[PDB]
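An overview of the molecular structure
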Amino acid sequence: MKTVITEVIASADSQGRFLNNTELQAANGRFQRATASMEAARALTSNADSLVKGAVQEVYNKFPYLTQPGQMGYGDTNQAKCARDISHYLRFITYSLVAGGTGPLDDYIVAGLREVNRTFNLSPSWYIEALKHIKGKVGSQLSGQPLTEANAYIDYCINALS
Amino acid sequence: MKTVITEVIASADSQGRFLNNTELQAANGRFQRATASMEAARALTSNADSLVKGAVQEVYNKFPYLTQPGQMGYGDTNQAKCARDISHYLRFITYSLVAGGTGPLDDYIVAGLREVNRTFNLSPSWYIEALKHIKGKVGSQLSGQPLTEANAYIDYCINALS
Amino acid sequence: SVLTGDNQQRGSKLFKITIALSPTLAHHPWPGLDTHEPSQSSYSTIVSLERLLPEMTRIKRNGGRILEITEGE
Amino acid sequence: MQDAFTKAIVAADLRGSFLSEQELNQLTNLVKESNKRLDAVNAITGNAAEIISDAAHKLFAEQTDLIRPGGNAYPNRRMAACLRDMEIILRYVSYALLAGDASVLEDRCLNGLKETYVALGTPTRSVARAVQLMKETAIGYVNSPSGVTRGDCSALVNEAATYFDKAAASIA
Amino acid sequence: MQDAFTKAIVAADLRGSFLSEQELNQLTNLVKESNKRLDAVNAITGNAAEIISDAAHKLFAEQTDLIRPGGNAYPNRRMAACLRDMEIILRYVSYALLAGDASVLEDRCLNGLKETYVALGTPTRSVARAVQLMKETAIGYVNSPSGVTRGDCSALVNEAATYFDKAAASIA
Amino acid sequence: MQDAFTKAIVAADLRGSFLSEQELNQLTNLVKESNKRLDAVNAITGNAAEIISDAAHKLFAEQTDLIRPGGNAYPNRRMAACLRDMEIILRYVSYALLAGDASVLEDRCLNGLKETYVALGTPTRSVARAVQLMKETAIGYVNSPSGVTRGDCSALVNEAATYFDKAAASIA
Amino acid sequence: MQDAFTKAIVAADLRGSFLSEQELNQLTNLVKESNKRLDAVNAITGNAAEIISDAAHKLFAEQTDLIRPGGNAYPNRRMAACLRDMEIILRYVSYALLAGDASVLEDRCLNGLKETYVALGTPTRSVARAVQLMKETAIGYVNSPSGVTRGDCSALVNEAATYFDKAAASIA
Amino acid sequence: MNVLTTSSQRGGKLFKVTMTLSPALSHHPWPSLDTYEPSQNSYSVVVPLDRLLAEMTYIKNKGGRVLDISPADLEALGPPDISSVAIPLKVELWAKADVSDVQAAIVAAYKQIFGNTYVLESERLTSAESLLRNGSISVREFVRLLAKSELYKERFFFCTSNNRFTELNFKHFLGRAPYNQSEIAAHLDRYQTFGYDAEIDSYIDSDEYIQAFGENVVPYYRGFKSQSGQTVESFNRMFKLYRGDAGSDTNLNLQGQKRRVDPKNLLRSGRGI
Amino acid sequence: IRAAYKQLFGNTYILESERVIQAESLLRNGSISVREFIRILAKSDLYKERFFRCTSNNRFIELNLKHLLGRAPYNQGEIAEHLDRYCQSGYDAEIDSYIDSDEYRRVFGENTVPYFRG
Ligand SMILES: *[C@H](C)[C@H]1/C(=C/c2[nH]c(/C=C3N=C(/C=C4\NC(=O)C(CC)=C4C)C(C)=C\3CCC(=O)O)c(CCC(=O)O)c2C)NC(=O)[C@@H]1C
Ligand SMILES: *[C@H](C)[C@H]1/C(=C/c2[nH]c(/C=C3N=C(/C=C4\NC(=O)C(CC)=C4C)C(C)=C\3CCC(=O)O)c(CCC(=O)O)c2C)NC(=O)[C@@H]1C
Ligand SMILES: *[C@H](C)[C@H]1/C(=C/c2[nH]c(/C=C3N=C(/C=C4\NC(=O)C(CC)=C4C)C(C)=C\3CCC(=O)O)c(CCC(=O)O)c2C)NC(=O)[C@@H]1C
Ligand SMILES: *[C@H](C)[C@H]1/C(=C/c2[nH]c(/C=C3N=C(/C=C4\NC(=O)C(CC)=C4C)C(C)=C\3CCC(=O)O)c(CCC(=O)O)c2C)NC(=O)[C@@H]1C
Ligand SMILES: *[C@H](C)[C@H]1/C(=C/c2[nH]c(/C=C3N=C(/C=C4\NC(=O)C(CC)=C4C)C(C)=C\3CCC(=O)O)c(CCC(=O)O)c2C)NC(=O)[C@@H]1C
Ligand SMILES: *[C@H](C)[C@H]1/C(=C/c2[nH]c(/C=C3N=C(/C=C4\NC(=O)C(CC)=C4C)C(C)=C\3CCC(=O)O)c(CCC(=O)O)c2C)NC(=O)[C@@H]1C
Ligand SMILES: *[C@H](C)[C@H]1/C(=C/c2[nH]c(/C=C3N=C(/C=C4\NC(=O)C(CC)=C4C)C(C)=C\3CCC(=O)O)c(CCC(=O)O)c2C)NC(=O)[C@@H]1C
Ligand SMILES: *[C@H](C)[C@H]1/C(=C/c2[nH]c(/C=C3N=C(/C=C4\NC(=O)C(CC)=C4C)C(C)=C\3CCC(=O)O)c(CCC(=O)O)c2C)NC(=O)[C@@H]1C
Ligand SMILES: *[C@H](C)[C@H]1/C(=C/c2[nH]c(/C=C3N=C(/C=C4\NC(=O)C(CC)=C4C)C(C)=C\3CCC(=O)O)c(CCC(=O)O)c2C)NC(=O)[C@@H]1C
Ligand SMILES: *[C@H](C)[C@H]1/C(=C/c2[nH]c(/C=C3N=C(/C=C4\NC(=O)C(CC)=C4C)C(C)=C\3CCC(=O)O)c(CCC(=O)O)c2C)NC(=O)[C@@H]1C
Ligand SMILES: *[C@H](C)[C@H]1/C(=C/c2[nH]c(/C=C3N=C(/C=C4\NC(=O)C(CC)=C4C)C(C)=C\3CCC(=O)O)c(CCC(=O)O)c2C)NC(=O)[C@@H]1C
Ligand SMILES: *[C@H](C)[C@H]1/C(=C/c2[nH]c(/C=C3N=C(/C=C4\NC(=O)C(CC)=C4C)C(C)=C\3CCC(=O)O)c(CCC(=O)O)c2C)NC(=O)[C@@H]1C
């Protein structure tokens, strides 16, 4: 899993050399930032649910036809799934904030994203909206660096999805 | 040349991916620290000379026989060289503080250290003393993080020399 | 071989080398005596300084000799 | 490799001297801007996919032939390459932007690029065009973000430009 | 690989849940100690060469045979190996110390080490001994540095120990 | 590799004899069925994507846990693998079906497979299940095609089954 | 077997020396704590049945599948085993706790356990989980008893933890 | 050792158990001290699932400790078929290769370079692939890139021990399995001073790599057929390094990176260092 | 084989038909511990139908305790312990319990024919 701390170790390890000043500097960075990161996570964790509802919803407004019978958005099972999924995305995001690296995201969400989505015919687009809508809401509860961090990670997914 | 900034780029580059949050965190670290680093450099740069004199000197006290005829420490040429050399070490150290990485040290001083020293029969020991004596003096002009940084780098050489 | 960009990910000064090619250096995976390529009898490569010495020594013990050396940039 | 700091060092080395106090003050101030610098980078990386997507659309609206049979962007295979390439260039540019130095960009990326394009029969002109298209879009984001402390980024903006342009030039 | 943070995540994942507030407070406090943590590492790395040198001397004063003809540290070639080994172990330990987790150490350094030693005919016991010798010296530095703000490092000191010990145990 | 023809040869070789007339008549008949045989294969390949897609859906409807945190199909990464695997197995099966021999399937695919799955902690049971799910769907197509001359394919259908089953068994 | 006392002896033996006075004082103090030590053990043994019962309930509430057809805890037969196992581990842990040493636990109990679980197809993860569940409940009693002289047991509590954890780790 | 029957008279899943024997477990019927026979230093028992518990407790109560337990079904399975690797195949990238021929080489490389191990699309390296097919990079140079890539380090070198990584490397870069302790030693020393990169470089640089599939030929399994200066034991080692097809070098599996080749086996072939 | 037969059997005559060849096979091979060989005997129908049926539960317990171990039974209670097993668990277990018992293992534990150390 890719976090700041793991990487520097890795790099140090590869070269076969002790952790010198170079790496520590880097580590320090991660730790200083954490305070902001941590804050953001506490904020998302708390409002989770509400964000999720809002997102799921949005998607349907954006793509009305999904709710019609014979479509994917139709029938509760699918709706449940849709909810679940977004929860996940969120969950991971929090994780990543705390871990101080994309790592968590990469391994759970991103790697293999495409094929999953292809084989089940999930349109990336949807997820994206979810995220965007989220981003917009988050853009109220948070501010300053905490916010900035939240964004970074949220986006990172947008980019991976698209 | 190995500095915080160069490395993250390198790692990013290898994977073939954009600089994401992970790396920036690291970079940030380097920059925050710099203020202390920079201070240290200004202090060494100023007292350079005096440190050099003191060191060279020390070495001779430590190893009297060097100053005897037929030895290495004997005859001005050699003394001049001895001075020059230590200057160098210092010079680089400053560099490294500023660059925020061992890089400068590695490429100038460390790489090929052994063989040079072998072929000219320079005993690492000597240099070491120089450094140690220095470290001791530096341990007055500086304080707190600035100091800590100075040490790290000074040492790094001790370890490379030995 | 024209370099599209710096070939090598690890970074140093890079130097193009042109070599006459022995059969041994690039044996084709074929029955009977191996034959080096028809098109390139002069493989041209971009090498880092660090690797330069190893590359050259391996080239040297193999039959083929450096036609020329040029800096890669 | 190289970057702003390392560079200044190297110069100093050849003179054989400690860093001039004047020179330190270049770096001292450079540090201060960091925060700005960073956000700039962040903005690019954050929007990456889009930047490209956008630029492409415009590229192909302009030079219709590229996408027509016999053109360079046809068929799929080729198209893909062309997209990938744009991205790469971008990636590098970003790198530079962080480093505070062209080098990385020049050395890893730009060097030999032209010649490649030539050998393939890719029209260098069009490539260059794309680079610019990208440039403008990118700046767009760098310069209009959300949640960032309001202030002047011009200095960085221009340096960004330059990088794009070195790219454009050496390809072209 | 793994470290303190990642680990806690993973646990949380399998439960399928967002992080407990309680759990955050583990990490929150862990952060606070960082500074201490770091210096600890720094101390080791700074003294590395010495730590080893020292430990060796003592190792060989004790087990004279190792250095005698027919022993395992004789001749030069072997000696060299033995030194190299010690170093490695150390290196890893350090790594762990930073991560805040044994894992890294266990996987690349410890796993299968015993068996190697066995196959070679290297006496596992002596190796273990050396590890400890190292431990004590190392702690020596961690715990008595110069120019650092005075406070309590015990917590870290003990964790350091543990790492050394996992090493000692799995080798032995 | 091996297939129906080659096989019979090999047997004959060890006896040291020309092919028995009886044995020829196995192959002679086998030839006659070719056309049927072929179409069977064609049907699988034609529907491939679907076969899988379908089987998966049903697999996951049954064993909900696989897709839940802590299960084997979670997270995405794993899921992907699991899909890929299914496909592979299929691919081979097809091959066999053409050859008129299990071998290819056994050797390239089934060899080592169980053990792998074990080491990973992948539940062999579930894998087997999936294979069957696939089987049924696949047969579905083989046996109900469009535009093909109507006749009896049973013989082939059953042989197909067997292949699937060898798979199921050796995995399980 | 081994325990705290015996251990120290053994070490001393290889040095070839009488016990150091310092070392005695480890044991001397260890003795003093006995009474505390004992009660701790007593608490576990007294509540044994419960500890397990409890842990199980929670284990199965979490990982529903274990008890569903196709899971590892199904059917009865298996379930029984799983319960039995938990108990055993506990039993050992206790032993250790008394001895004042991991050994007994490692040697009799943990050694080979992982591999067993693997061979069976038992999911090591879940086992580990159970161990922890147990841990917490157990501590619960150790730390909150009735009729005991009030004092600090932390030292013992932590050592208890460690034992549980060695278990968790080596199984996992 | 081979186990003759997978299930017992009453249905049960037989399991091989291997233990280091102790004098109490088995002892000769002699006067003097009890001694377990030497040949049975490692002792393998086959027992139904039911007795396993009681069988192992007793072994551990005595000085015995359990080397490993394996299901008898996995055991007493054939040595893996060498069909595919007996004659590898071979992939040659001609100059002016067609788009398809380039694709074939890439796929072949990823196979042998990373073992069966699957490479996701995200994992796959566009830049390196890009360079091949324009010219400018040899297949050999592509190989180098791949070993240098983090993907490889994360799998092979970062998880497992450097003793593990060396043979893992031998197999990927050369078909061959390692012969002798010396090779393992040498590589470790190279890693200490030079670092990862130089070790990686040495394999590709080495003449053996040049003598077979030197340039523009993806590496193929030389092992499993007789090779010059190869100890017979190496052949047997290959069977340990290579298990089946669809069997990969996996950091993913439980205790994922371990040693396929036991150190004593290496020592058998050659010792001296 | 000769010895094993005698010690566990009554010293009763054993016909070639009576002898179980599958257990005898495998000894040459390996893969059967001699204690496990001896387990196969008595799990044999041969011993159960004859030397088990006729005699009372107590009888075969003493005779097992004799055939498998030299000792006759030191105390009433231990005889009773096996009697608890008769219904408690299947016969096969109880005989298995003897060879699995410690002292069977302690002396002539592995790779050894049982003897009337009594
Ligand atoms: C919500 C915007 C839309 C929607 C989604 C939907 N998804 C599936 C099925 C899957 N979706 C995923 C996604 C994930 N599952 C994971 O485990 C992860 C990582 C944590 C992700 C991102 C996957 C893997 C599947 C396939 C297996 C599964 O059952 O989850 C469906 C069901 C389609 C099907 O069963 O074939 C649906 C409907 N639902 C909506 O209504 C929106 C359009
Ligand atoms: C001081 C402790 C001793 C001393 C100095 C001395 N140095 C040399 C020779 C060399 N010194 C160096 C060192 C450097 N040159 C560099 O360019 C760098 C890197 C930036 C360093 C640090 C080198 C390279 C040499 C070798 C040859 C040369 O300098 O031309 C000598 C001469 C030794 C000889 O045998 O020629 C001396 C004497 N003088 C003393 O008294 C101490 C022993
Ligand atoms: C025979 C009619 C005449 C002849 C042939 C000859 N060739 C060589 C050596 C080489 N010839 C080739 C030819 C090829 N290169 C290719 O890549 C291909 C296929 C695309 C061919 C056919 C090459 C590359 C070599 C060099 C390496 C090699 O060993 O083949 C020789 C020997 C030259 C030597 O000094 O070893 C000969 C004799 N030349 C004559 O004299 C005949 C009239
Ligand atoms: C797209 C905006 C325009 C375009 C692109 C295009 N590129 C190729 C082929 C290549 N382009 C590259 C790019 C790079 N070379 C490097 O060194 C790097 C950085 C490491 C990059 C990004 C390379 C290597 C190739 C050749 C191989 C490949 O598959 O990319 C083509 C196809 C040419 C061919 O026939 O192979 C195209 C179309 N050209 C256009 O027409 C657009 C205007
Ligand atoms: C420039 C194009 C736009 C802009 C930038 C801007 N940023 C700041 C200040 C900060 N920006 C950051 C961001 C980071 N620091 C990090 O460590 C990282 C990596 C994790 C990032 C992304 C930080 C921390 C600061 C300091 C606090 C803050 O956010 O205010 C400023 C303020 C001036 C300064 O130099 O700090 C500015 C102006 N703002 C604009 O108006 C441009 C559109
Ligand atoms: C020193 C305290 C004692 C000692 C050590 C010793 N080791 C060897 C040989 C080897 N050591 C290793 C071990 C490692 N490889 C790794 O990557 C790691 C970390 C995971 C270790 C610790 C290996 C692989 C070898 C064998 C090959 C080699 O020599 O490089 C020897 C040499 C004996 C020989 O003939 O090989 C020795 C001496 N032995 C002592 O006497 C000390 C008690
Ligand atoms: C513990 C073994 C020793 C010790 C440590 C100690 N450190 C601090 C505080 C700091 N230490 C550092 C050091 C670093 N921070 C970094 O970012 C880096 C990498 C470049 C290092 C090396 C820093 C910056 C601080 C903060 C300022 C300061 O120096 O005080 C403390 C103070 C308490 C606290 O941090 O909460 C202590 C106690 N003290 C000991 O007792 C040992 C000598
Ligand atoms: C899906 C039906 C079930 C499942 C499967 C699963 N497999 C892996 C990993 C691997 N599986 C294989 C299989 C093959 N490799 C081959 O080359 C071939 C034949 C030629 C096959 C079929 C291998 C080698 C691996 C290892 C490489 C890899 O990990 O991709 C996993 C991933 C392991 C993990 O725990 O991450 C999984 C999940 N598991 C399920 O849950 C399904 C019931
Ligand atoms: C069997 C599973 C189902 C079925 C098949 C079927 N096919 C034929 C006859 C033919 N089918 C083909 C098809 C091919 N021949 C080829 O060479 C290729 C690959 C290039 C294919 C796909 C051909 C040429 C024939 C012969 C001409 C014809 O179509 O009549 C039959 C008839 C039996 C026979 O040919 O001996 C049958 C039964 N049809 C079913 O009813 C099954 C569901
Ligand atoms: C319960 C928490 C989980 C579980 C366990 C489980 N175990 C078995 C079978 C065995 N487990 C053991 C146990 C031990 N062997 C030892 O040496 C020791 C210490 C002395 C222990 C703890 C053994 C040997 C077996 C095999 C023989 C036996 O009768 O136990 C099973 C059943 C295996 C089967 O295939 O039926 C189970 C289920 N598995 C779960 O489901 C829980 C997560
Ligand atoms: C610790 C987890 C909790 C606790 C314990 C505690 N116990 C004592 C004192 C004693 N405990 C015993 C108990 C035993 N000694 C034995 O020999 C046996 C076996 C028969 C037992 C069960 C004894 C005899 C003593 C001494 C007299 C007494 O009971 O007080 C103390 C007092 C301090 C001491 O070290 O003796 C304490 C604190 N109390 C807590 O607060 C914990 C929850
Ligand atoms: C004496 C010259 C050296 C020595 C010997 C030594 N051996 C052991 C232990 C055992 N050695 C054997 C060997 C045999 N047992 C047999 O049955 C046979 C032949 C049929 C042999 C030759 C065995 C099996 C053991 C272990 C169990 C046992 O003692 O029966 C030791 C002691 C090891 C222990 O911990 O028990 C020793 C000391 N070792 C030396 O010190 C001399 C160099």
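This text gives an overview of the structure that appears in the document. (Residues numbered from 1 in each chain as written, not as in the entry; some residues may be left out. Chains lettered and ligands numbered in written order. Part of a larger assembly, values for the part shown. Heavy atoms only, no water.)

1. Some points on the overall build of chain H
Basically, it comes down to this: Here a helix means four or more residues in a row that DSSP labels H or I, a strand means two or more in a row labelled E, and each is numbered from the N terminus. Classification of residues uses two cut-offs on accessible area relative to the type maximum, computed with a 1.4 Å probe and protein chains only: under 20% is buried, over 50% is exposed, and between them is partly exposed. For this analysis, residues touch if any pair of their heavy atoms sits within 4.5 Å. For the accessible areas, the method is Shrake-Rupley and the probe is 1.4 Å, while residue cover comes only from the protein chains on display. Under this rule, positive means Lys or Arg and negative means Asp or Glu; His and the chain ends count for nothing. All charge positions are set by atom: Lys at NZ, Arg at CZ, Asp at CG, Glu at CD.
On a plain count of helices and strands, chain H comes out with twelve helices and three strands. For chain H, buried positions account for 53% of its 273 residues. If you take every contact in chain H between residues at least 6 apart in sequence, the share linking residues at least 24 apart comes to 70%. Summed over its atoms, the accessible surface of chain H is roughly 11,500 Å², and 56% of this surface lies on carbon and sulfur atoms. Across chain H, the 32 positively charged side chains and the 31 negatively charged ones have centroids separated by 4 Å.

2. Points about the overall build of chain C
Within chain C, the secondary structure is distributed over one helix and three strands. In terms of its C-alpha atoms, chain C occupies a principal-axis envelope of roughly 40 × 25 × 20 Å. Burial analysis of chain C (73 residues in total) assigns 49% to the buried set. Surface accessibility of chain C: about 3,900 Å² in total, with carbon and sulfur atoms responsible for 60%. Across chain C, 8 positive and 8 negative side-chain charges occur, with their mean positions spaced 6 Å apart.

3. Quick word on the arrangement of the chains
Note that chain D does not reach chain E: the shortest distance linking a C-alpha of one to a C-alpha of the other is 22 Å. Structurally, chain C and chain I remain out of contact, their C-alpha atoms never closer than 47 Å.

4. Considerations on the site of ligand 3
All names here are of chain C. Spelled out, the test is: Being near a molecule or strand, for a residue, means having at least one of its heavy atoms within 4 Å of it. Two N or O atoms count as a polar contact when they lie within 3.5 Å, although within protein this holds only if one can serve as hydrogen donor and the other as acceptor, and sequence-adjacent residues are included solely when both atoms are side-chain atoms.
In the vicinity of ligand 3, the contacting residues are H36, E37 and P38. The backbone of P38 places a nitrogen or oxygen atom 2.8 Å from an oxygen atom of ligand 3. With the chains in place, 23% of the 860 Å² that ligand 3 exposes on its own is no longer accessible.

5. Some points on the interface of chain D and chain B
Spelled out, the test is: When two components associate, each loses some accessible surface as probed by a 1.4 Å sphere; the sum of these losses over both components is called the buried area. By convention in these notes, a salt bridge is any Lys or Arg side-chain nitrogen within 4 Å of a carboxyl oxygen on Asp or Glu.
Residue-level contacts link 33 residues of chain D with 32 residues of chain B. Contact between chain D and chain B buries roughly 3,100 Å² in total, counting both sides, with carbon and sulfur atoms accounting for 74%. A per-residue breakdown of the area chain D buries against chain B is headed by D:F18, D:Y95 and D:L98, which together make up 22% of the total. Counting across the interface, chain D meets chain B through three salt bridges.

6. Description of the packing of helix α3 (residues 76–99) of chain D against helix α7 (residues 154–171) of chain D
Residues and elements named next belong to chain D. We apply this condition: Geometry is summarised by axes, namely lines fitted to C-alpha atoms with helices restricted to the contacting stretch, and by angles between N-to-C directions that run from 0 to 180 degrees. Our angle categories are set so that under 35 degrees counts as roughly parallel, over 145 as roughly antiparallel, 65 to 115 as roughly perpendicular, and the remainder as oblique. When the near helix sits turned anticlockwise from the far one by under a right angle, the crossing is termed left-handed; a clockwise turn instead gives a right-handed crossing.
Look at α3 against α7: their axes get within 10 Å of each other, and the N-to-C directions meet at 135°. Classified by the angle their axes make, α3 and α7 are oblique. The handedness of the crossing between α3 and α7 comes out as right-handed. When α3 is examined against α7, the residues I89, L90, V93, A96 and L97 are found in contact with a partner set consisting of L156, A160, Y163, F164, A167 and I171.

7. Considerations on the site of ligand 4
Note the cut-off: Throughout, the ten residues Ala, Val, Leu, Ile, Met, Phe, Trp, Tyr, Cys and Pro are labelled nonpolar, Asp, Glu, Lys and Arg are labelled charged, and all others, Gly among them, are labelled polar.
In the region of ligand 4, 20 residues are neighbours, and D:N72, D:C82, D:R84, D:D85 and H:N134 sit closest. More than one chain reaches ligand 4: its neighbouring residues belong to chains C, D and H. In the environment of ligand 4, an oxygen atom lies 2.3 Å from a nitrogen or oxygen atom belonging to the side chain of D:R84. Note that an oxygen atom of ligand 4 is positioned 3.4 Å from one of the side-chain N or O atoms of H:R133. Protein burial of ligand 4: of its 860 Å² of free accessible surface, 92% is covered by the chains. Among the elements that take part in the shell around ligand 4, α3(D) stands out by supplying seven residues, more than any other. Of the residues that constitute the shell around ligand 4, the class distribution is nine nonpolar, seven polar and four charged.

8. A few points about the pattern of salt bridges
In total, this model carries 84 salt bridges over all chains according to the counting rule given. For D:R129, the salt bridge goes to D:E62, with nearest N and O atoms at 3.1 Å. With a gap of 67 residues between them, D:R129 in helix α6 (residues 124–143) and D:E62 in helix α2 (residues 21–62) connect regions that are remote in the sequence. With relative accessibility at 42%, the residue D:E62 sits in the partly exposed group. Salt-bridge contacts for G:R15 lead to G:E23; the nearest nitrogen and oxygen are separated by 3.5 Å. With a relative accessible area of 14%, G:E23 lands in the buried category. One connected set of salt bridges, linked through shared partners, spans C:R51, C:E55, C:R58, H:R140, H:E141, H:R144, H:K148, H:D201, H:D205 and H:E215.

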